[PDB]
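Trainee:
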Amino acid sequence: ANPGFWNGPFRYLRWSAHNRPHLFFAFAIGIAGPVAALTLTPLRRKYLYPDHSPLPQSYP
Amino acid sequence: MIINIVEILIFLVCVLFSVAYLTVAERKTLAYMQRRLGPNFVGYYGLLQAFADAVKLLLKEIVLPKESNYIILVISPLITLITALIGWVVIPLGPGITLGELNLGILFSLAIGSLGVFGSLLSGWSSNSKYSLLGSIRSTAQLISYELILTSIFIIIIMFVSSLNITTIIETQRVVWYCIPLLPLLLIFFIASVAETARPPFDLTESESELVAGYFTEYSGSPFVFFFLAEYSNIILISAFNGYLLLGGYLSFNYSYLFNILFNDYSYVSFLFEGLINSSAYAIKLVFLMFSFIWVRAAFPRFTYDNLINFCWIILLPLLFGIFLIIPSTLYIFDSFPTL
Amino acid sequence: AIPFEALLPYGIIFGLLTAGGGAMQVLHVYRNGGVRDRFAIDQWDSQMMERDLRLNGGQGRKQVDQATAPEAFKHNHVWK
Amino acid sequence: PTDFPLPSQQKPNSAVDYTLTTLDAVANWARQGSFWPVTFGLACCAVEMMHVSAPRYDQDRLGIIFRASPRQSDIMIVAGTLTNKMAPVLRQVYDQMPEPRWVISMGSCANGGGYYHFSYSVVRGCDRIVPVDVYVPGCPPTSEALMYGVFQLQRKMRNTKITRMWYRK
Amino acid sequence: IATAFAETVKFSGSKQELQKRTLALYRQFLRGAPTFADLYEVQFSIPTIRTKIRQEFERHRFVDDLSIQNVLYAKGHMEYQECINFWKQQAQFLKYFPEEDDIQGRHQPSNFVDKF
Amino acid sequence: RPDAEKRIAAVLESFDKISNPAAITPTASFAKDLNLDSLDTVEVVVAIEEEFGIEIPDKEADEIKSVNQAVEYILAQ
Amino acid sequence: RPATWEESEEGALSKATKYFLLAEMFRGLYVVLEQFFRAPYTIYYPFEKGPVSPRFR
Amino acid sequence: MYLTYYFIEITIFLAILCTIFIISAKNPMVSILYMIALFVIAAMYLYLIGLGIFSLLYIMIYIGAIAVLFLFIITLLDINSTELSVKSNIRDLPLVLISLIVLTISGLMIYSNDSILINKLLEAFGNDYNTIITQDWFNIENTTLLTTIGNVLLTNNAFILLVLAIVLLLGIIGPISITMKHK
Amino acid sequence: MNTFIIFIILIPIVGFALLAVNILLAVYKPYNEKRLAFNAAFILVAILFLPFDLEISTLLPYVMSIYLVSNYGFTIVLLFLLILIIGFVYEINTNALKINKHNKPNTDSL
Amino acid sequence: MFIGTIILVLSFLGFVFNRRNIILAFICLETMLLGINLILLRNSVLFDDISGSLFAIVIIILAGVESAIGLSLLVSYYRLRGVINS
Ligand SMILES: CCCCCCCCCCCCCCCCCC(=O)OC[C@H](COP(=O)(O)OCCN)OC(=O)CCCCCCCCCCCCCCCCC
Ligand code: SF4
C-alpha cells in the first residue's frame, strides 16, 4: 500500500485522502475555518451592527 | 425545610429505584436482542430481580491479605458517593423549569465526572499484584483520554450558549431543537460516552479471567454492589447529560402546548400537568438514548487498547480541533456571536 | 411485533422519572406560592428580589408602603 | 442456676413461627432468586453448561448470570472430568469463595469419577476434594438435567431455615 | 524456540564430566532452597530442605552405569526446572516430604509380633 | 581478607560433621583435611556464598578445594 | 497466484464517507434491531420441555 | 447568627491537620491520597470565601489532572521509601524547624501594611477583631458576569495567553523528546 | 442552606449506611487462602493528557464570554489554536507502540 | 491570609525536612503553588474584580505544566523504562 508523497500536490492530496484520509478530512475543516473567515468581508456586505451597551452616560 | 427534604427523598428514591430496575431493563432488552427472554421468574411478575439481587449479595464480604481494607472498603463507596449520586446535584435538567440546583451547571458535572477517574484508579491500585496495577493504569489511561474529548466538545457546544448556569442551555435549545439538528457530533459524543463511563463495547479492563481468574480485584460484597450501582448510575447520569445538552430536553410539543394548554386549562390550576409532560419528554429522550447503549453492548466486540489510544489521540481529537476551528468561525461568518 | 414484556421495565423507568419531574414542579409551586421559579440572574435579583423581600412578599404594584424606608437592609460579614 | 426446664422438643419442623419464617423466607428468596455461579467448566459438560446459556433453556429466565470470578460467586458448578492435576487449583478456587457456598457436581465424571475413574490422572469424584450439595448424573447431562438440579438446589435453599436456626429450632 | 530456565538435553560420554555436571546441578538445586521456601510457604526450615536434597542424591550414590545416570540427571535437572518456578503447587510439592508422624498414630514398630 | 575467614571458620564450624574445630586449620584442605564429600564440598560452598550474600559463577565453584582459595575469591568484592 | 496490485479506484470520496462515519457498523446495528422484533426461543423448563426423542437415554 | 455558620470559615485547622499528615505518612502514596483532601478543603475555602468558580476549577484540573498524574506515576517505578518519621529520622528536626516556623511566622507578619515596628506583626493577627466588612448595593451593574471578566482581561492581556500557549507547547514537546527515545 | 447541601450531606451517610448494613451479618470466618515493567505509551499518554486538559481550562473563560470580545477574541483564540494544533502535528508523528519481533529479510546462498 | 501562608510554610519546611520519599517532597513543592493562590485569591476578593485572579488562572495553567515536566523528568531519574542496573 502507498502513503502520501508530496512532490505532486494534486496527486498528494488524492493519495492522502484515499489511503490515510482521516487526517485529510480533519484538515479540510481546519482550512474551511479561517479561509472562509476571510471570505466574509464582502459576503456580509454590511449586513448588521450588533449595538449592545452598558450604561450610556451622556454628554453636557 | 420540610418540603425540600421530602423533595430530595422523592428525587433520591426516583434515581435509586430507577437504577435498580435499569439493570433488569437492560438484561431484558439484551435478551430480546439475543433472541431469548430475560429475568422472567422473580417473584410476582419478573420486574424484581435486581431488587432481590441487592439483598442477595449483601451477606458476602470477603477481605484480602494482599491489601489494606481501608482503601477498598471506601473506594467503591467513593465512586458510589461522588460519581453516581452527587452528579445529580446539578439536577441535570430535573426536567421541569425548576431544579434542586442553584446555578453554574455544566462544569460542576464536568468536575464530578472528572472526579470519578481516580476512584477507578485507586480501586485498581489495590492488592499489590504486578499483573493487576498495570491493568489499572491501562483502564485509567483510556478513561482520561476519553474524558478529554467529552470535555473539549461539550465546552464547544456551549459556544452557542455562552451562559454557564444549567437552564440557559435548555431555554436556548428550544428554538432550533438545537441539540442534534444543527450538529450531528452527538454521535461522537455518544461514542465518547461509552468510554468515559465504561459500560462499553470496549470491556477493556474487564479481562475477566485473562488475568489470574479476576479482573478488577474481585472486591465482592457491599463494594461489589457499590461498584455495580455506581457504574449503572454513571451510565444514566451521562446519558441524561447527553440528553441534557447535546441531545435536547423540552420536546417541541410543549412549545406547541401554547396551542394545547390554552385549549385545555383556564388559568394556572396549580401547574398541575406541564411538569409531568415535560418529565415525560425528558424521560423518553433519556431511555431511548440508553437503549442504544444496550444495543452497543451486544453489537460490537472489545476494543484492543493500543487501537483504543489510536482512536483517541490520532483520529477523534484532530477532527475535534477542526470542528472548533469552524464553530467559532462559521457563526462569526454567517451573522454573529451569542450573548449571555 | 413489539416486546410486551421488555417495554414494561421501560414503562416503569419512564414513570419513575415522570413522577419525579411532576413532584419537583409541585414542590416548587408550593415553595414559591402560585408562581413559577426564578433562575439565577446573578448580582441582579440580589438587587431586585431582595428589594421585594424588603418590601413585601410575592409581588405588588402600588406607590410605596415603606416605614423607615421599610427597614433598609445592610449586609455585614467577617474578615477573611 | 443448677436446674433445667428444657423439655423434649420437636425436630427442625414447625409452623407457629412468628415473623422468622417471613424474614427468613425473604432473605432466602433473595438468595434463591439471583443465584449466580462461577464457571469452572472443564470438558463436554461445560458445553452443555453453555447450552444452558443458549436461548432454548436460558439461564437468564431464572437469574443465573455467572461471573468469571470466585469471590463474586455463590455456587461452583464443577463440570467436566476432574484431573489429578487440577484438584489443588479447584480447592484453592473453592476456598476463595464467600461462606454461603454450595457445589454442583455437573456430570457423571465429576461425581464418583465417572467414565474414566480408572486413570492414574483422574480424581475419583470431587467428593475427594470439595463438599457437594447437589449431584447431577450422567455424561453430558441434559440442559434439562442441569436446570432440574438447579431447581432442586433452590428447593433445598427453601429449607435452609437459617434465621430460625439462630433461634435454635 | 524458547526455554523457561534453560533446560538442555545433551548427555556427555565420560563419567567424570557427568559427575561435574550433576555437581553443578546440585549447587543450583541447593541454592534455590530459600527461593523454594519463599515460593511455597512450607512449615519446616531451609535446612530441612537441604538435608532432604542431600538425602535424595545419596539415594543414588552407588548407581553404576553412566547410561542410567544420564536419565537420572535429566530427571534431576527437569524437576529443578519444574521447581524453579511455580509449575508445581504446594499440594504437588509436599509429595517429597514425609514430615509429620502424628498423622499415623501408633503403627508398625517393624517387629513380626505387631504385624499381627 | 582479615576476619573474612573468621566468618568462614564460623560458618564451617557451625556446619556439622566436623567434630574437631582444632582440626580446622584455616589454610587447609576440605576433603583431605576433614573428609568432606564432593557433594558436601559444594554444599558448604553454597553455604559460604549464602552467608556473604554473594553469588559465584560455575568455574569459581569448580576451583574451590581449600579455603584459602575461597578467601581469595571472597576478596573479589 | 493473483498478483492483485489494487492501488486505485476503489472509491471516489465515498471511501472517506464509509470510513468517516460508521455506515458499515450502523448496518450491523440495524440488523440487530431487526432481530430484536422477532420471536424468542425460551422454554419454561419447569412448565415446558425440550424435545425428547424415543431413543434418548 | 447560626453559631457554627460563622466558624465554618475557620477550616484552616483542617488544612494544617491535613498538611501535618502530608509530610509524615506511612506509605508513600497515602500522602498523595491526603493531598486531594487538602485540595478539596481549599475548594471548600474558596466556595466559602465567595469564589465557587475556582473551587470547581480546582476540582476540575488539580484533582482532575495533576493529582491523577501523581497517582498515575506512583503505581509504576515506585521509589524506595524510608518508613516513617522515626526518632532517628526526627533527629535535627525540631532544632531547626521550630526556629523556621517562628521566622516564617515573622514573614507572614512582614506581609503587613506599613508600620516600621513590631506593631504590624501583632496588627495582622488582630485584623479580624476590630472589623467586619460592609457590603453594598447594586449601583448600575448591567450584565451578569463572574469569570466572563477573566476572559475580558485575557483579551486585554492577550500576549500572556499567547505565550502560555507556548508553555503548553513546551509541556507537550518536552515529554516527547525526553521519554520517547526515537529510532 | 436547604437546596442541595442536603444532597451532598445525606449521600455520604447513605453510602456508609449501605456499607455498614452487611459488615455485621455477613459471615466472615476467614479461613485461609484469601519489580515491574513499562512502555512509553503507558506513560506518555497520561503525561500529554494534562496539557490538553488545561488548554481546555484556558479556553473555558473565552467560551464563557464569547461576546464582549467580538471580531477580536476570535482572532486571538484562532492564534491560540494554531499554536496548539502545531503541537498536535508534532505529536501525530510518533506516539504508537512498536511490535518488536517481526523480521523479513531475503535469504541468500553461497 | 493566614490560610495561605500557613499551608505555604508547612509545604516549605516539609520540603526541607523530607528525609523520606522524593515524591512527597515533589508534591509538597506542588502544594506550595496552591498555598500561594489562597493568598492571591483572597487579596483579589478583598480588592476587586479581575486583577490578581488573572495571575491566578495563569499560575494554575502553568502549575499543570510544572507537574507535567516534573513527572516526565522524574521518569528519567534513572535509566529509562527498565533494564539491568546494579
Ligand atoms: C460537513 C457539514 C457538517 C459539519 C459538522 C460536522 C459534524 C459531523 C459529526 C461528527 C463526524 C463523525 C465522525 C465519526 C468519527 C469516527 C471515525 C472513525 O471511527 O474512524 C475509523 C477508525 C478505524 O481504525 P483505523 O484502522 O486506525 O483506520 C485506518 C484504516 N486505514 O476507528 C475505529 O477503529 C472505529 C471504531 C468506532 C467504534 C464505534 C462503535 C459503534 C458506534 C455506533 C453507535 C452509534 C450509533 C447511534 C447514534 C446514531 C444516531 C443517528
Ligand atoms: S461426565 Fe461425561 S460429559 Fe462430563 S467430562 Fe465426563 S465423560 Fe465428558
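Protein sequence lines, in the order shown, are assigned to chains A, B, C, D, E, F, G, H, I and J.
Taking UniProt numbering, the leading residue of the first sequence gets 4, the next gets one more, and so forth.
Taking UniProt numbering, the leading residue of the second sequence gets 1, the next gets one more, and so forth.
Taking UniProt numbering, the leading residue of the third sequence gets 2, the next gets one more, and so forth.
Taking UniProt numbering, the leading residue of the fourth sequence gets 42, the next gets one more, and so forth.
Taking UniProt numbering, the leading residue of the fifth sequence gets 4, the next gets one more, and so forth.
Taking UniProt numbering, the leading residue of the sixth sequence gets 29, the next gets one more, and so forth.
Taking UniProt numbering, the leading residue of the seventh sequence gets 59, the next gets one more, and so forth.
Taking UniProt numbering, the leading residue of the eighth sequence gets 2, the next gets one more, and so forth.
Residues 1 to 34, 49 to 124 in UniProt numbering are what the ninth sequence lists, from first letter to last.
Taking UniProt numbering, the leading residue of the tenth sequence gets 1, the next gets one more, and so forth.
Note that CB positions come from ideal geometry on N, CA and C, so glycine has one too.
Keeping to the same chain, check which residues put their C-beta closer than 6 Å to that of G155 (chain D); ignore five residues upstream and five downstream.
Mentor: Along the fourth sequence, read from residue 1 onward, the residue named residue 155 (chain D) stands at position 114. Same-chain partners within the cutoff: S149.
Trainee: Which whole-angstrom value describes the C-beta separation of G74 (chain D) and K56 (chain B), a residue pair presumed to lie in contact below a C-beta threshold of 8 Å?
Mentor: By 1-based counting over the fourth sequence, the position of residue 74 (chain D) is 33. By 1-based counting over the second sequence, the position of residue 56 (chain B) is 56. Indeed they touch by this definition, with Cβ atoms about 7 Å apart.
Trainee: Could you tell me how far apart the beta carbons of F52 (chain I) and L72 (chain H) are, in whole angstroms, since I believe they sit closer than 8 Å?
Mentor: Here residue 52 (chain I) is taken as the residue at index 38 of the ninth sequence, counted from 1. Here residue 72 (chain H) is taken as the residue at index 71 of the eighth sequence, counted from 1. At roughly 17 Å, the Cβ-Cβ gap does not stay under 8 Å, so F52 (chain I) and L72 (chain H) are not in contact.
Trainee: Residues of the segment 125-153 of chain D with a CB closer than 9 Å to any CB of chain E: list them in chain order, please.
Mentor: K126, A128, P129, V130, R132 and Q133
Trainee: Under 8 Å between C-beta atoms, does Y7 (chain H) make it to chain C?
Mentor: On the eighth sequence, residue 7 (chain H) is found 6 positions in, with the first residue counted as 1. Interface residue, yes.
Trainee: If you draw a straight line from the alpha carbon of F105 (chain G) to that of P10 (chain C), how long is it in whole angstroms?
Mentor: For the purposes of this step, residue 105 (chain G) is identified with residue 47 of the seventh sequence, where counting begins at 1. For the purposes of this step, residue 10 (chain C) is identified with residue 9 of the third sequence, where counting begins at 1. Approximately 24 Å between the Cα atoms of the pair.
Trainee: Just how far apart, CA to CA, sit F139 (chain H) and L58 (chain H)?
Mentor: Along the eighth sequence, read from residue 1 onward, the residue named residue 139 (chain H) stands at position 138. Along the eighth sequence, read from residue 1 onward, the residue named residue 58 (chain H) stands at position 57. Roughly 27 Å between the two C-alpha positions.
Trainee: Is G87 (chain I) close to chain H? Criterion is C-beta to C-beta, closer than 8 Å.
Mentor: Position 73 of the ninth sequence, counted from the start, is the residue given in the question as residue 87 (chain I). Closer than 8 Å to some Cβ of chain H, the Cβ of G87 (chain I) qualifies, so yes.
Trainee: Does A111 (chain B) come within less than 8 Å of chain L when only Cβ atoms are used?
Mentor: Absent from the structure is chain L; the protein chains it does hold are A, B, C, D, E, F, G, H, I and J.
Trainee: Kindly indicate which three-state DSSP category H78 (chain C) falls into: helix, strand or coil?
Mentor: Stepping through the third sequence from its first residue, residue 78 (chain C) is reached at position 77. Of the three classes helix, strand and coil, the one that applies to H78 (chain C) here is strand, per DSSP.
Trainee: Could you name the residues whose beta carbon sits closer than 5 Å to any heavy atom belonging to ligand 2, keeping them in chain order?
Mentor: Listed by chain position, these are D:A84, D:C85, D:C86, D:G121, D:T122, D:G148, D:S149, D:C150, D:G155, D:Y156, D:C180 and D:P181.
Trainee: Does any CB atom of chain I fall closer than 8 Å to the CB of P176 (chain H)?
Mentor: As a first step, residue 176 (chain H) is located in the eighth sequence; it is residue number 175 there, counting from the start. So, interface residue.
Trainee: Output, in chain order, the set of chain H residues within a Cβ distance shorter than 9 Å of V65 (chain C).
Mentor: Sequence index remark: in the third sequence, residue 65 (chain C) carries index 64 (1-based). Correct list: empty, because the minimum Cβ distance to chain H is about 18 Å.
Trainee: Between which two residues does the beta strand (DSSP E) carrying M198 (chain D) extend?
Mentor: For this step, residue 198 (chain D) is matched to residue 157 along the fourth sequence. No beta strand (DSSP E) holds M198 (chain D); the alpha helix (DSSP H) holding it covers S184 to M198.
Trainee: Just verifying my parser: in three-state terms, what is the DSSP assignment at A25 (chain J)?
Mentor: Indexing the tenth sequence from 1 puts residue 25 (chain J) at position 25. Looking at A25 (chain J) - three-state DSSP - the assignment turns out to be helix.
Trainee: For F78 (chain G) and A20 (chain A), I'd like the C-alpha separation in whole angstroms.
Mentor: Stepping through the seventh sequence from its first residue, residue 78 (chain G) is reached at position 20. Stepping through the first sequence from its first residue, residue 20 (chain A) is reached at position 17. When rounded, the separation of the alpha-carbon atoms in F78 (chain G) and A20 (chain A) is 11 Å.
Trainee: Does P78 (chain D) come out as helix, strand or coil in the three-state DSSP assignment?
Mentor: Indexing the fourth sequence from 1 puts residue 78 (chain D) at position 37. Strand at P78 (chain D).
Trainee: Buried or exposed: which applies to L41 (chain A), given that a residue is buried once 16 or more other Cβ atoms fall within 10 Å of its Cβ?
Mentor: What you label residue 41 (chain A) is simply residue 38 of the first sequence in a count that begins at 1. Result: exposed.
Trainee: Do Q49 (chain B) and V24 (chain B) have their CB atoms nearer than 8 Å?
Mentor: Stepping through the second sequence from its first residue, residue 49 (chain B) is reached at position 49. Stepping through the second sequence from its first residue, residue 24 (chain B) is reached at position 24. Yes. Within cutoff.
Trainee: Are the beta-carbon atoms of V88 (chain D) and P181 (chain D) separated by less than 8 Å?
Mentor: Along the fourth sequence, one-based indexing puts residue 88 (chain D) at 47. Along the fourth sequence, one-based indexing puts residue 181 (chain D) at 140. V88 (chain D) is a Cβ neighbour of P181 (chain D), given a cutoff of 8 Å.
Trainee: From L103 (chain F) to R79 (chain J), what does the alpha carbon distance come to, in whole angstroms?
Mentor: Position 75 of the sixth sequence, counting from 1, holds the residue named residue 103 (chain F). Position 79 of the tenth sequence, counting from 1, holds the residue named residue 79 (chain J). When the Cα atoms are used, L103 (chain F) and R79 (chain J) turn out to be separated by approximately 30 Å.
Trainee: Taking 7 Å as the limit between beta carbons, can you name the residues of its chain near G166 (chain D), skipping five residues before and five after?
Mentor: Reading the fourth sequence from its first residue, position 125 is the one you call residue 166 (chain D). The residues are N152, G153 and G154.
Trainee: Please list the terminal residues of the continuous alpha helix (DSSP H) segment that includes residue 185 (chain H).
Mentor: Residue 185 (chain H) cannot be examined here, being either before or after the span of chain H that is shown, 2 to 184.
Trainee: Evaluate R102 (chain D) with the Cβ neighbour count: other Cβ atoms within 10 Å of its Cβ, from every protein chain shown; 16 or more gives buried, anything less gives exposed.
Mentor: Counted from its first residue, the fourth sequence places residue 102 (chain D) at position 61. Under this definition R102 (chain D) is a buried residue.
Trainee: Would you give the residue range spanned by the beta strand (DSSP E) that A120 (chain D) belongs to?
Mentor: Residue 120 (chain D) sits at position 79 when you count from the first residue of the fourth sequence. DSSP places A120 (chain D) in the uninterrupted beta strand (DSSP E) bounded by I116 to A120.
Trainee: If we ignore side chains and look at the alpha-carbon of each, how far apart do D65 (chain F) and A50 (chain F) end up?
Mentor: For the purposes of this step, residue 65 (chain F) is identified with residue 37 of the sixth sequence, where counting begins at 1. For the purposes of this step, residue 50 (chain F) is identified with residue 22 of the sixth sequence, where counting begins at 1. Their Cα atoms are separated by approximately 20 Å.
Trainee: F22 (chain H) touches chain B at which residues, Cβ-Cβ below 7 Å?
Mentor: Position 21 of the eighth sequence, counting from 1, holds the residue named residue 22 (chain H). Per Cβ cutoff of 7 Å: no residues; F22 (chain H) is ~14 Å from chain B at best.
Trainee: Note down the Cα distance separating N242 (chain B) from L150 (chain B), rounded to an integer number of angstroms.
Mentor: Here the question's residue 242 (chain B) lines up with position 242 in the second sequence. Here the question's residue 150 (chain B) lines up with position 150 in the second sequence. For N242 (chain B) and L150 (chain B), the distance between alpha carbons rounds to 10 Å.
Trainee: State yes or no: is the C-beta of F15 (chain C) within less than 8 Å of the C-beta of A283 (chain B)?
Mentor: Here residue 15 (chain C) refers to the residue found at position 14 when the third sequence is read from its first residue. Here residue 283 (chain B) refers to the residue found at position 283 when the second sequence is read from its first residue. At the C-beta level, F15 (chain C) and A283 (chain B) come within 8 Å of one another.
Trainee: Find the nearest neighbour of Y135 (chain D) within the set B:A213, B:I144 and B:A298, judged by alpha-carbon distance.
Mentor: To locate residue 135 (chain D), count along the fourth sequence from 1; it is residue 94. Of the listed residues, the one whose Cα sits closest to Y135 (chain D) is B:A213.
Trainee: Any C-beta of chain B within less than 8 Å: which residues of the segment 27-61 of chain C qualify?
Mentor: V27, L28, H29, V30, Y31, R32, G35, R37, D38, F40, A41 and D43
Trainee: From the DSSP secondary-structure annotation, give me the bridge partner or partners of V27 (chain I).
Mentor: Here residue 27 (chain I) is taken as the residue at index 27 of the ninth sequence, counted from 1. Beta-bridge pairing links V27 (chain I) to no other residue.
Trainee: So is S79 (chain I) in contact with chain B if we call contact Cβ pairs under 8 Å?
Mentor: Looking up residue 79 (chain I) in the ninth sequence gives position 65. Yes - at least one Cβ of chain B is within 8 Å of the one on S79 (chain I).
Trainee: Could you tell me whether the segment 165-174 of chain H touches the segment 38-53 of chain A, using the rule of 3 or more Cβ pairs below 8 Å?
Mentor: no
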